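>>> no FASTA, just this:
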Ligand SMILES: CC(C)CC(=O)C(=O)O
Ligand SMILES: CC(C)CC(=O)C(=O)O
């Protein structure tokens, strides 16, 4: 109701989309009001961690129209998750369609242009059915629910700090690059410890020889060279391939005129970048004040303000989302 | 209701234990018959793999008594589990009791003696109640149900084969040591793969550098050196601490006389053992004819019969299970 004090917490919205896959196929799908999910006490979703999901948003423009930011990329990636866990995939039709039904029905829950709100969509897939063994499963449920949400862990483009961990949230040859609940389960601990010290989160390093940056179990990482000319994100099979990263990495080259590089970043060489931040749907480029790596707090630009490049990447990206700045063809679906 | 034909399949028993946890405390915990858990769409257990479980069996003796095997260990382990994922822990009291209750109530589903059957118990804790952002759930569920079962991927001691993997089921410093859903979500794919080519399951090697052996799908690994005089089992901060392995590791030394050693084992130096196999609960010392690693296929004893020492360890353990031998201290509880 009040978009002022709106945060990234849960809120029950009128209706949500639901569909079952049994005997080789998905039902037509329908909007329900249940809010609760019902599954066997032996469901693979509960014991063996066979679950996957997405996070996309819907924004309200100053024209009246509703924007969807690259839904096609979300549908795409889930197919990737679904695979990794022997789960049936969903077409870009059943997906975008779901999201559209779940926004149209809950349209009154969409924050109006002005306040930085947005309608978050959490599409998820879990294996159900009676079972006990370590196999896939006889059935599945695909659901899409939304909640009005403002900033995740930021505010007004204001920066925030991060600290490294000893723990690994994803393995070298694991599901680290898939949005499957497993990865996150392993982040809770190191992430909570990271919060008890008034930090934003935790930046995990390569599983093996923790020497280079991965991401933040909540968003990707990206810095900028001192001569503020190059945009950089680490490349690693273990990090989730963010729609936002790949997007930022796009404007970075064609709209802001910057050199771009996907490659390694040593925690041993932070002073190579002038300003750094994390990115994501709920993350939405978040200035990174400093990084603690033991006896070492490293501050790029300001700890109270964002760098100029971080702001340009923000104002451009966010414009596209709310329809303030012409968006590349193909991105953003009207509603 | 024929036990001669019974395997690791879900059968709906009569009653389940169902305790909650709200506002810092666990409910009393009654029994019911719904085998349909009821979560909240935002459940932490559905999206972030906030979940762990246990595995223990209840067996019926010759004389008439019912044996519950080392339930105290399962209780402790499931504590370590919950701890790693920020979930409230159940004490031996609440735990061990929860089992018993289920054991009794469903006593007719306990296989008779002489069938080599058993009543499988599945205790598990999951995060429930509304949520969204990545953080521990607000409320928690703990439940226990049971099901009768013959053996696992075997029957008798006839062996089976295993294949190495390039994938990894857990990161060096991930959650391999805890029995949590993510673990299995990832041991799902390489499984399907292996079983597709007629291997019992894949045997994971080593997150960072696949030189040593971790464990298999749902079982630890153990071997006997060539002189059949020493017992060697892998030791790493990322493999689940099997109770079984720990138990054989106790017998091998006393009841059997052998020398023990927890250390490393290189797939290279593989013919450095007379026999080997995989222990565990549903598993139950599963011999190993040979191991497919790369091109060459290595075979310790044979693909047809268990190594003598493996046989002994089998009988010694199982005898203790059904009481035809003599269980050590605290090892067994009489329901
Ligand atoms: C959109 C993300 C930044 C939010 C999140 O916690 C996720 O996607 O897992
Ligand atoms: C106790 C285990 C050996 C049973 C099982 O199948 C598992 O844990 O996945």
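Received, thanks. Numbering: from 1, shown residues only, chains lettered A, B, ... in the order given. Ligands and ions are numbered 1, 2, ... in the order given.
>>> any idea how far whatever residue of the stretch 101-250 of chain A ends up closest to ligand 2 lies from residue B:145?
Ligand 2 sits closest to residue A:134 of the stretch 101-250 of chain A, with a gap of 4.5 Å, by Cβ to the nearest ligand atom. Where you see a C-beta, it was placed from the backbone N, CA and C, and this is true even at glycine. Per Cβ to Cβ, to the nearest Å, residue A:134 is found 17 Å from residue B:145.
>>> and for residue A:112?
Noted for residue A:112: a distance of 48 Å to residue B:145, by Cβ to Cβ.
>>> got the domain ranges for chain A?
A:1-155, A:156-335 (curated CATH domains).
>>> if we can go back for a sec, and the residue of the stretch 101-250 of chain A closest to ligand 2, helix, strand or coil?
coil (DSSP: H, G, I helix; E, B strand; the rest coil).
>>> got the contact list for it?
A:48, B:184, B:187-188, B:191, B:217-218 (Cβ atoms under 8 Å, 6 or more residues apart in numbering or on different chains).
>>> next: residue A:210.
A:164, A:166, A:168, A:267.
>>> the third one belongs to a helix?
Spelled out, it's residue A:168. No: counting by three-state DSSP, residue A:168 falls outside a helix, being coil.
>>> quick check: it vs residue B:180, distance?
Distance from residue A:168 to residue B:180, by Cβ to Cβ: 14 Å.
>>> in the stretch 201-335 of chain A, which spans are strands?
A:201-205, A:213-215, A:220-225, A:230-233, A:259-262, A:273-279, A:286-292, A:297-299, A:333-334 (DSSP state E, counting those that start in this stretch).
>>> what's around residue A:162, how many residues?
Residues lying near residue A:162 (other Cβ atoms under 10 Å in any protein chain shown) number 24.
>>> ok, residue A:297 next?
13.
>>> and the nearest residue to it once chain neighbours are set aside, what does it touch?
Excluding its sequence neighbours, the residue lying closest to residue A:297 (Cβ to Cβ, 6 or more residues apart in numbering or on different chains) is residue A:290, at 5.0 Å. Shown in contact with residue A:290 (Cβ under 8 Å, 6+ apart): A:161-162, A:297-300, A:303.
>>> weed out the non-buried ones from those.
A:161-162, A:298, A:300 (16 or more other Cβ atoms under 10 Å in any protein chain shown).
>>> ok, and which of the residues you listed reach ligand 1?
Filtering these for proximity to ligand 1 by Cβ under 6 Å from any ligand atom leaves nothing.
>>> from those, pick the one nearest ligand 1.
Of the buried ones among the contacts of residue A:290, the one sitting nearest to ligand 1 (Cβ to the nearest ligand atom) turns out to be residue A:162, at 14.5 Å.
>>> ok so the closest one is a helix residue?
No: the assignment for residue A:162 by three-state DSSP gives strand, which leaves it out of any helix.
>>> any idea how far it lies from residue A:8?
From residue A:162 to residue A:8 the distance is 17 Å (Cβ to Cβ).
>>> also residue A:79?
Noted for residue A:79: a distance of 26 Å to residue A:8, by Cβ to Cβ.
>>> now do the contacts for residue A:280.
A:55, A:152, A:218-220, A:242, A:244.
>>> got the phi and psi for it?
phi 170, psi -180 (degrees, to the nearest 10).
>>> burial of the residue lying closest to residue A:319 once chain neighbours are set aside, as a residue count?
Residue nearest to residue A:319 in three dimensions, not counting chain neighbours: residue A:325, with 3.1 Å by Cβ to Cβ, 6+ apart. With neighbours defined by other Cβ under 10 Å, the count for residue A:325 comes to 14.
>>> isn't residue A:325 right next to residue A:314, touching?
No: the criterion here is Cβ atoms under 8 Å, and residue A:325 misses it with residue A:314 at 11.5 Å.
>>> before we move on, back to that, okay if I get the buried ones among the contacts of residue A:290 as TSV plus distance to residue A:35?
Below are the buried ones among the contacts of residue A:290 laid out as TSV (distance: Cβ to Cβ, whole Å):
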residue	distance to residue A:35
A:161	36
A:162	35
A:298	44
A:300	43
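>>> more crowded one of residue A:112 and residue B:145?
Per other Cβ under 10 Å, whichever of residue A:112 and residue B:145 has more neighbours is residue B:145, with 25 against 11.
>>> quick one: the helices in the stretch 1-150 of chain A?
A:71-84, A:92-104 (DSSP state H, counting those that start in this stretch).
>>> which one of these lies nearest to ligand 1?
helix A:71-84 (10.1 Å).
>>> does chain B sit close to the closest one?
Yes: shown here: helix A:71-84 in contact with chain B (Cβ under 8 Å from any Cβ of the partner chain) through residue A:84.
>>> buried ones in that helix?
In helix A:71-84, counting by 16+ other Cβ under 10 Å, buried: A:71, A:73-75, A:77-79, A:81-82, A:84.
>>> taking these, tell me the two that lie furthest apart.
Longest distance between any two of those is 20.9 Å, between A:71 and A:84; criterion Cβ to Cβ.
>>> which SSE is immediately downstream of the helix or strand containing residue A:183?
Element membership for residue A:183, per DSSP states H and E: helix A:181-185. Next helix or strand after helix A:181-185 toward the C-terminus (DSSP H and E): helix A:188-196.
>>> picking that back up, out of the contacts of residue A:290, who's nearest residue B:35?
Looking across these and measuring by Cβ to Cβ, the closest to residue B:35 is residue A:162, at 43.5 Å.
>>> which strand residues bridge that closest one?
Residue A:162 has the following beta-bridge partners by DSSP bridges: residue A:201, residue A:291.
>>> spell out which parts of chain A neighbour ligand 1.
A:55, A:152, A:218-219, A:280-283.
>>> gap between the closest residue to residue A:246 other than its chain neighbours and residue B:202?
For residue A:246, ignoring the flanking residues on the chain, the nearest one in space by Cβ to Cβ, 6+ apart is residue A:73 at 7.7 Å. Computed as Cβ to Cβ, the residue A:73 to residue B:202 distance reads 32 Å.
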